Structures are given as C-alpha cells and as structure tokens.
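**Q** A single structure is presented below for examination.
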Amino acid sequence: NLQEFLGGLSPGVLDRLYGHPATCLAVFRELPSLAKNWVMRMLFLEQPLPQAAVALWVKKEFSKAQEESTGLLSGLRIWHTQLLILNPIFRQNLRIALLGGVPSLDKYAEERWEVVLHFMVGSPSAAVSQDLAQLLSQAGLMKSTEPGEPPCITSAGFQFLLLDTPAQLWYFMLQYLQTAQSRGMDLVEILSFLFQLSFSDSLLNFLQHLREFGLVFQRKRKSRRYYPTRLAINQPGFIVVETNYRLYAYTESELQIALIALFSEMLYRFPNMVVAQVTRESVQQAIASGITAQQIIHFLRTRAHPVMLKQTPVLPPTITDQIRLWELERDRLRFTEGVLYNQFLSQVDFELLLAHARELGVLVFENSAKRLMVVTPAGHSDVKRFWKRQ
Amino acid sequence: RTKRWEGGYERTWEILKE
Amino acid sequence: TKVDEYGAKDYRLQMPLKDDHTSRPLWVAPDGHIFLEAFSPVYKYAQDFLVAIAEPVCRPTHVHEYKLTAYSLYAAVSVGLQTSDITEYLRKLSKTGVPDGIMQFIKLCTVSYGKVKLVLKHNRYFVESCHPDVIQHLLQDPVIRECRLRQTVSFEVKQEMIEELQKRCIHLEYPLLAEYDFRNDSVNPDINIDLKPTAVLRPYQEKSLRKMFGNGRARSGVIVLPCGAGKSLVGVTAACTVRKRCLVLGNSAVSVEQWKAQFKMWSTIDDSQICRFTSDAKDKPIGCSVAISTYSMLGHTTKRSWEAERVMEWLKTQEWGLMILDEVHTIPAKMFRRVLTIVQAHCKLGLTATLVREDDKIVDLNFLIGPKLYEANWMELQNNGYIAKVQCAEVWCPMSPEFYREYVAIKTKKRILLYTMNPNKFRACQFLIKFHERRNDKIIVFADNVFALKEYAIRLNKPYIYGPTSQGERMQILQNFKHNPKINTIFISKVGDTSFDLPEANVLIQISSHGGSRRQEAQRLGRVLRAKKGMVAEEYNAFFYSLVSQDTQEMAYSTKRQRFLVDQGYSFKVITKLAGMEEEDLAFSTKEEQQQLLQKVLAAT
Amino acid sequence: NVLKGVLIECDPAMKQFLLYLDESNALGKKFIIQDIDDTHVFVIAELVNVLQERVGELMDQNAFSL
C-alpha cells in the first residue's frame, strides 16, 4: 500500500518529498481516522507540547487507535519530540495547503490497459513498444532471455494477470517506482506527480510511460496540458458458474476469454457468450504455471454475473472446494532441500547440535526417537564448521 | 368419453407473440 | 468446423447476433446444442418448446443444455409440430439466428417422416405408404427382398426381421410410424379398464402422458421418470387410456408383484381380469387379457414347460394394444430384446428412471421402442416437492498406509476387495451410521462386494441382505427395519438396486461401488427420493453418501459414476474429513486390528 | 554421517508408494536414503523431477479424464 511505500523511506527523502503543492495533502488523506485531527490541532502551534498530553488525550477505550496512529506518524516523522511540534517545513506547507499561499478518457484508459494485457498474454496482435516490453521484463513479471524471440510469461506473470485492475495497476506502478530508482530517475519528482494527479527530462519520460499505460492522455499532439483518466487518480460481472464445472461468460473482449482459457477448457464461443469447462487438466495447468486456487476463486467471484449474486455464497461450494482440492493435490509432496545426519554415538551431542541449529535457524526438521535431523545446505556449512570446531 | 391428453399438445409457448 | 486458437470452435463468421439479444434468451450452436437461460422471464415457454423439440443432456440450475437429433425431431412431428411450426419459433426465440446447417437438418428430418408407416393387422406387419415412390426407391438393397416374407401401397414383412428393417430405415432416412389408432380399432375389442378418481396425476405426469398422446393415436416411446415420481402410476394411466389389451413386462418377481399391486390400486379393473404369467405362480394367463410377465420368461431360450408353452403360443397369436416395458435400460440385451419381436404390440411404451449405460446400446432404444418422449426434470421436481431434496456427498477416506502398500505393490485386481475394505472407510461409515442413528435417520448401506458387506455387517452386528438370502428372512429384516424402532439400518447388497419396494430412508451410505455404472448409481439414489409426508425441499432431509478411498481406482470410478447425477443437477459435495471422528471411539483404532483385517483380506484369495 | 539430497514430506499413502518404488526398483535405484518419519523420507536430489513425474502419472491413474 501507499502507506507501506511511504513508511519505507528515510527522513532526508521524506522532508524533500513533502512538497508544497500536494504531498502534504495526499499524505494527510492517508491518515486513517484520528491523526488528521491531531495534525489540524497542532498546525498552528509554534511551541512543542509534552507527550503525556497526547497520551492522555484519548479515552481509555479505543486507546489502541491512539498508539497505532502515534506510531504511524512517528514513522512518517511529521513531528519531533524536541525534548511534539510538527516539522516546520511540513507545518508551513500544510498551512499553504489550507487557506494559504471524461467518458472518452475512461474508455481510452480501459482500451490501453486491455491492449497492454493482450501483449502481456501471448496475443499475436498487440501494441508494440520496446520500452514497455523491457520495462515489463525488468518488472519481474516477464523474462525474454532471447531478444529475437518474443518474451514469455513467468510464474508471477499469471498471478499478476489474474489480479483485479485496481490492485494490478497499483502493484505495476509500485514496481515502476522501484525500477525508476534503479534506472536513475529521481523518485521524489515522479512520486509527487502521482499525488498531484489526485487533486524536465525525467518528468517528460515519466509522463510518456504513464500515457503508454493509459492513465493520462494529452489529446493535443503531446502538449504540456494533460487530462488524467479515472485510473490516474488511483463494474458488473459477466461469468455464470454451474454446478458441473461449466462457465458461461458474456464476454466480447478477447482479454476475458484468454483469462478464462488460462484455467479452463473452452468449448463454444458465441458472439456475446462463451462456454468453457473447468477440468482437472486446465486447473492443474494453471497451478503448474504458478497460479493458486485463491486467485482463480477471487477472479470468478469478482467477475460474477448478477444472476448468481442472489444465491449465497455466490460461487457454488462444490466448485470452490473442487478447485481447492485440485490445487492441494499438486503440492501433496512438499520438497525441501536439506542434509541428513546418521550414526549419532551419543544423544547428548545430538541434542546440543539441535539446540545450536534451533538458535541459528538452520534446523528444518528433527526426530528425537530416531536421533536424526535435516539441515538446509545454507546451514550445512555452519553445522560443519561447528563439528570441525568440536 | 375421451381424456384431455387425446385432445392434443398444450403448445404452452403459442401464447407468447412478438 | 472452425477452431479458434483455443479448443472452442469459432462461430464469429458462422451466424449473426440478434439486436434484441437480451430479450431473446436462446442460443443455437451449429452442432445442434442449445443453451437456455433459467433466469429469463420466458424461461417456462422456452423450456416447454425446447423439451418438445430436443432432449436434455445437462440441466443445471442456471443454464440448461439441450441437444436435438433426428429422433427428437421425429417426436416433435409426431406430437404434430411441423418444420415451420418449430423453426419459425426457434428463430424467434434464438438471440443469434439459426445456422443454415441446423435449418437444413430440421427441414430434412421433418420432411423425412410419415412417408413410411408400419401397421400390424391380423398378425401381419404391413409397411404402408401413401407415396409409392418411397417404396420404389426403397427396394434397392437386397436385404428388403430377403426380409420380406416369401395409392396407400403396403406389403407384408417377416415378423423376425422387423428390428433389422427398422434399424435399417433409421439410417435410410425414412423413419417408420408406430402410432396406434386405438380410437379407431375394431379388430381387437376394448378391455373393461377404467381409472378411478382416487388416483391423482401430478402435473409432470400429465405433461408426459400428453406428449405420449400428442394426438388421438397413441405414440410408442420411452418416458424417463424418477422411481419415486410414480412411473408405475403413469404406466397404469397409459394402459387405462389405451383401453386395449395391455402386457406389462417387469424385470423380476418383485417387479411383477408391484405392477399387479399398482394395477389393482389405481385401476377399477377387477382382480380376476389380471394375471401373473410367472413361473412361481400363475393366475390362468390365457383366461384374462391384462397381463404382467417378465423378460426372462418371454425371451426364455431353453426348454419351455408345457403350460408355459401353451401360454407363450397364446401370447404370440394374440395382438396387444399396449406393451408396457419397465426398466427399458436392460432391453438392448440380447435375450431381452428378442422379446420385442417375440410379442406383437401396436405401441410398446417404455418406463424407467435410469436411462443410462456404458455400452452404446442406449441409442438402439430409439428404434427398439421409440424416441424418448418425456424425461422429467429432477431439479424442478425437487423444487415442487414431489421428490425429496438430497444433499449428495462424497466422503473421501484416506487409505491406510499398509493397505495402500499392498494395493500399489500388487498389479492384480485384488484391489477391488482391498480398497473397498480399509480401516479409514470402515471407521468413517461406522461414525456416519452412529451420527445418523442418534439422529433417528433410516440408513440403507450399499456394497457390491458380498465379502466386504458380510465383514462390515458382522463387525457392526447389523442385518446384511444379499443374493441367496432366504426370502422369508429378507421380508423379516425389511419388516423389522420399517417397524422396529430399535433397528434403523439395513445393509443391502447389489440385489437392492435391481428392484424393490423399500421404505423411505433418510440417508443412503454406499461404502463400495460395483464400478463406473451410472445405472447402479441412479438406481441406488432413487431409493431416498421418496418424498416424506411433510418435508420441505430446502431442509435437505435426505442425504446420500458415496464413500470413496483417496488415491485409488475408486476415485476414478466415482467420478465416472456421478456423471448422470451432475447432468441432472445434483452437486456432490466433497468431504475430506468428518468433525468428531477423532473424539468418537471407533473400531480399528490400533495398528493390530488393521493388521488382522489385512491378513484376512490377503487370505481371501 | 552426512548425506546429500533432499527431504520430501507427504501423506502416509504417498510415503508407502515411495517405499514400494524403492523396494521394487521401479526407477532402478534405492533412492530412499532414509525414512525420517512415517510422513518424511530422504531422496537424492537428481532423481526428484522424475519421481514427481511418476507421482503425476499415479494421479492420472487415480483421476478420471473429464
């Protein structure tokens, strides 16, 4: 989440990131419940106050909210104890932020994201962009290993594909920022633009990438002014599930049919409908590719036709249980690398080695009755060194 | 004295017209 | 014909889409498959029309699946639906048009009907036809000449070769008409049989009877209805409506007894007018007309006792207005099917509840008797309350380690006796029976292996029944099960699924299965479908458990066996583990007991 | 002593199947180095892929092809 992203930052980058225009407001909106109230209170104070007052300024009931808010805002470093006055820079910027100082766009965003997903999947016809391809490859969801041949899709790629559009896009942009730092693009400058959206060379390239993703559209031959789409700021279902593992999806966009075929066997394709079967072959194929039953169940639930919404649960228990059992059977045999021991002359030495392995985290499994254990190869060197040291 | 079945098929859909 | 990048066939360039597709709830695939919506406001009308012109293959709660064939279209024409009368409404209902392939198929199937009619008179089967060109171009192959005994053109045909000629015509594209004009028939006087007002006909029963009597002439066909739905009542009503000599064919002594009881209960016909052409007992079969007999006797191939020979000659000589055949799924058998040609009947109605089998001989029924007239909707009956709602479940029992070791080690087929008898399934069935016994639910345990059945029954000191069990002891055990409160469970063998009149049971556990037999599965499931006096559909009072052993051939057999039930719509819920099993004390709680059971299994040989 | 390889944990039925495999030399070798517990065994790392393939074939046997 954005809270995680901002928490994973240093004070030096934090205070700089607290730009005047928007950041002080975007980070404010993050404040879940109560820290908003304290920020407004001590927005006008130039004198720090004791911590005991903040501690006792919440009733005995629901105190956990007080501690969690205080910890979150301490991590954000909005104030300093100074002994709890807010940062002067943040105070000034917030005062300046507080009385101081479309139908075609959404369709465009939808179409651009749909073509991006088409390229992500093995679609023969898709938008071509070397920068987009390499960006997705380095995002960790795609690997090519051969420039001549089109890149394939890694295990994480299918999991990313089956995610919902909001979370999918949010994770994609998170990876974009993480790779932006690696490629050398300043993180603060690009990050501030995202906050400003919800209200230089690097800026131009970043806006080009955002437009390629479909969040923004200049509409004027790449002019300075931009009109963000709905997705920039941050629908009914169509699948009907039977009790015989049969899916009838009212899909016209090829993306939905491809997503369903990823874990189901297609039987018929009507102009406004498609029939597929969820069989062991397809489900285990998806599981081997890397998906887990949770993603499939969530995908079918979110794309649930209104007809089956009346019944509770929406997805039939037999279908859900069958999918879960199919995924479990694949991982019945759990493989874990390790090194076995044999010929323990005395159990005292074995117990001492067990205690050492437990302390170091090396041990994976132990058997007192048989006087043996298993250690991962990483800890094999450590235990071997201990044995040599005697 | 015949039965209702001997009369003929109900043709339940024939009521609906478009 | 066109295949997309995926498995599904492509029809983007095949047929168009109607603008008012949302209004139209019907789909039409080129292969003949039709997908109806159970949520549309016109669902009832669409269901009636699609049932009239097509036979269901899958009817889940949301989207029903039908497929039409030549036999279904012939049945539609028999009930009087013309090619236009069906195709115009099909196009109107269809939300994506009608492919030219289906159009031409419907036209050809409808036009190729009624040209050739088969009528039996004075013990002679004449192939009548108003059009003479049909016969002129039908006498090309020599089989017709050799078969034939050595406007409105008709010729006599040999009795024995009727089946061969009929199956030949089916692929010759000239189906024969078996309609019986009982209304206009003076050769055989009508029998004094009437339907008393006491009998009550349910709406689905009336609909099936109407489809059979689409017109004044009765149609010969197969009506599939659940055993608890009153198929016996439907057959009795059909005979009463026919008002002519009726020959009912059971499959066993219990079947013939039940048929006689149903006749007496629901028909005003006197007792003396009904006979039981049965070896165990007879009631002067030649004396009266309405008869109940058995396939085994009528098709008996070996020596015939003199009295039975006289009766058989009388039956062959006489002509029957109606030939009722219960449990038609066994008809395509050699001896059983020989009975069709042995006996003469205008219309041979067929009744059953599990019209499914592995060998592709079910298709032969379409010509042996006729097209499948009606097939009751099990889900709709459940909703209406005519049939008790069933919570179908499959209890997965993990196989014990040693048992699995021997099972996998041996490549022979002792596994049938091995995996059917494992400690985990034994404990599971014991715990389930205990839970239902304390819940006052009647239990009917099933097991194909008599050895396993006997072992389980002795270990649980319960009254197991099986083939060579004495009839008196069988009746005593059934009476005790029905009446004595102290006992609420009976362990029946395969004989149970064949034919019986057993009391309604709240649960039905199946520890073992004969194999991938949809027939057996449906037959055993039908036992608990008996609706209670005041139950409710949503209460799920009835339960069916099909215990299976994990990681064994039993899983494959169960999955292949539940196909018919899932097609009807029943959802088999999987149960990996049962709550309270660990706390409850059960047999085989120690390694030693499993060891002795394994040793006994190995010594079984 | 110290033995290289991998440890695999599974249900007792699969453990017994692996014991049958090693005893009958289905793969040609006694890959089971030792039996850690009723549900845990040790196998050589190199053979694990084909052992998993054999287990998949067993699942194919015990599952109907819908």
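**Q** Give me the inter-chain shielding for A:258-266: mean count of other chain Cβ atoms within 10 Å, whole number please.
**A** Mean partner shielding for this stretch: 2.
**Q** OK, next. Taking each residue in C:404-415, count the Cβ atoms of any other chain within 10 Å of its Cβ, then average. What number comes out?
**A** 3
**Q** Whole-Hz Karplus ³J(HN,Hα) for the stretch C:175-182, in order, using 6.51 cos²θ - 1.76 cosθ + 1.60 and θ = phi - 60°, x for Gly and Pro?
**A** x, 8, 9, 10, 4, 9, 8, 4
**Q** Now, a different point. Wrap a convex hull around the Cα atoms of chain A, take a quarter of its surface area, and give that in square nanometres.
**A** Computing the convex hull of the Cα atoms and averaging its projections yields 30.5 nm².
**Q** Which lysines, if any, have their Cα less than 18 Å from the Cα of C:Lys115, not counting same-chain residues under 8 positions apart?
**A** Hits, sequence-local ones excluded: C:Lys107, C:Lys167.
**Q** Once amide H atoms are built 1.01 Å from N in the peptide plane, which residues 5 or more positions from A:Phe270, or in another chain, come under 5 Å H to H?
**A** Answer set, sorted by chain and number: A:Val275.
**Q** Let me ask something additional. Just tell me how shielded C:94-102 is by partners: mean number of partner chain Cβ atoms within 10 Å of each residue's Cβ, no decimals.
**A** Mean inter-chain Cβ contacts per residue within 10 Å come to 1.
**Q** Calculate, axis by axis, the spread of Cα positions in the protein assembly as shown along the three principal axes, and write the results as whole Å, longest axis first.
**A** 118, 82, 63
**Q** Hey, with R₀ at 45 Å, roughly what FRET efficiency would C:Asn123 and C:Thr412 work out to, going by the Cβ-Cβ distance, to 0.05? Walk me through the numbers on the way to the answer.
**A** Details: r = 55 Å, r/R0 = 1.22.
The computed FRET efficiency comes out at 0.25.
**Q** May I pose another question? Taking the stretch A:312-390, how much of its Cα-Cα pair set, in percent, is spaced more than 19 angstrom apart? Walk me through the numbers before you get to the answer.
**A** Values: 1555 of 3081 pairs.
Taking all Cα-Cα pairs of the stretch A:312-390, the fraction more than 19 Å apart is 50 percent.
**Q** Sticking with this structure for a sec: Given a Förster radius of 45 Å and the C-beta distance between C:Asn383 and C:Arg12 as r, what FRET efficiency does 1/(1 + (r/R0)^6) yield to the nearest 0.05?
**A** Using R0 = 45 Å, I get an efficiency of 0.75.
**Q** Output the peptides A:84-90, C:581-587, C:430-436 sorted from most to least packed, where packing is the average of other Cβ atoms within 10 Å over each peptide's residues. Before the final figure, lay out the partial values.
**A** On the way: A:84-90: 17.4, C:581-587: 12.0, C:430-436: 19.3.
So the peptides A:84-90, C:581-587, C:430-436, ranked by packing, come out C:430-436, A:84-90, C:581-587.
**Q** Quick one: which residues, 5 or more positions from A:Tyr341 or on another chain, have an amide H under 5 Å from its amide H? H modelled 1.01 Å from N in the peptide plane, none for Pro or chain starts.
**A** Under 5 Å from the amide H of A:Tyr341: A:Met373.
**Q** Here is a follow-up. Highest first, please rank the peptides C:560-573, A:294-307, C:3-16 by the mean number of other Cβ atoms sitting within 10 Å of their residues.
**A** Top of the packing list down: C:560-573, A:294-307, C:3-16.
**Q** Related question: Given Cβ point charges of +1 (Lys, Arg) and -1 (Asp, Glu) and nothing else, what value in debye, to the nearest 20, does the dipole of the stretch D:2-63 about its Cα centre take?
**A** Rounded to the nearest 20 debye, it is 240 debye.
**Q** Beta carbons within 10 angstrom, averaged per residue: use that to sort the peptides D:33-45, A:263-275, highest first.
**A** Answer by packing, highest mean first, reads A:263-275, D:33-45.
**Q** What are the extents of the Cα atoms of chain C along their three principal axes, listed from largest to smallest and rounded to whole Å?
**A** 85, 70, 51
**Q** What is the distance, in nm, between label points placed 7 Å from the Cα along the Cα-to-Cβ direction at C:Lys532 and at A:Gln130?
**A** 7.5
**Q** How high is the relative contact order of the stretch D:2-63? Use alpha-carbon pairs under 8 Å, at least six apart in sequence, and give a whole percent. Could you put the intermediate results ahead of the total?
**A** Values: 58 pairs, mean separation 22.1, N = 62.
It rounds to 36 percent for the stretch D:2-63.
**Q** Between their Cα atoms, which of C:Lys67/C:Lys361; A:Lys143/C:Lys2; C:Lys67/C:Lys316; A:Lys36/A:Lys59 are more than 27 Å away from each other?
**A** Going by Cα-Cα distance, A:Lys143/C:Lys2; C:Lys67/C:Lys316 fall outside the 27 Å limit.
**Q** For the Cα atoms of chain D, what angle does the longest principal axis make with the long axis of helix D:12-24, in degrees from 0 to 90, nearest 10?
**A** Rounded to the nearest ten degrees, it is 70.
**Q** I want the antiparallel fraction of DSSP beta bridges within the protein assembly as shown, as a percent rounded to 5.
**A** In the protein assembly as shown, DSSP labels about 55 percent of beta bridges as antiparallel.
**Q** Suppose each label sits 7 Å from its Cα in the direction of the beta carbon; what would the C:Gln140-C:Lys591 distance come out to in nanometres?
**A** 7.6
**Q** Shifting gears a bit: Taking the dipole about the Cα centre of the protein assembly as shown, with the C-beta of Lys and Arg at +1 and of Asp and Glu at -1, give me whichever of A:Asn205, A:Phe90, C:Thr330 is farthest to the positive side.
**A** Checked the options; the winner is C:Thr330.
**Q** Straight-line reach only, C-alpha to C-alpha below 21 angstrom: list the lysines that C:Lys264 could link to, leaving out same-chain residues fewer than 8 apart.
**A** B:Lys3, C:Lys196, C:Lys231, C:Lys244, C:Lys282, C:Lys284
**Q** Rounded to the nearest 0.05, what FRET efficiency is calculated for A:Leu360 and B:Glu18 with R0 set to 60 Å and r the Cβ-Cβ distance?
**A** Working from the Cβ atoms, E equals 0.15.
**Q** For chain D, report the % of Cα-Cα distances exceeding 18 Å.
**A** 35
**Q** For the pairs C:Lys158/C:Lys334; A:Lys107/C:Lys9; A:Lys370/D:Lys4; C:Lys425/C:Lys486, note any where the Cα-Cα span goes beyond 21 Å.
**A** Working: C:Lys158/C:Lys334 19 Å; A:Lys107/C:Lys9 30 Å; A:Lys370/D:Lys4 18 Å; C:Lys425/C:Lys486 25 Å.
A:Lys107/C:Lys9; C:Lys425/C:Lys486, as the Cα separations exceed 21 Å there.
**Q** Under 5 Å between amide H atoms, partner at least 5 residues away or on a different chain: which partners does C:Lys372 have, H built in plane at 1.01 Å?
**A** It is C:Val222, by chain and number.
**Q** Treating only the Cβ atoms of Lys and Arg (+1) and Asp and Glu (-1) as charged, compute the dipole magnitude of the protein assembly as shown about its Cα centre; round to the nearest 20 debye.
**A** 1920
Where a number appears in this text, it was derived from the coordinates with a stated rule and is not lab data. All Cβ positions, even for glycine, are placed from backbone atoms using ideal geometry, and neighbour counts span all protein chains on display.
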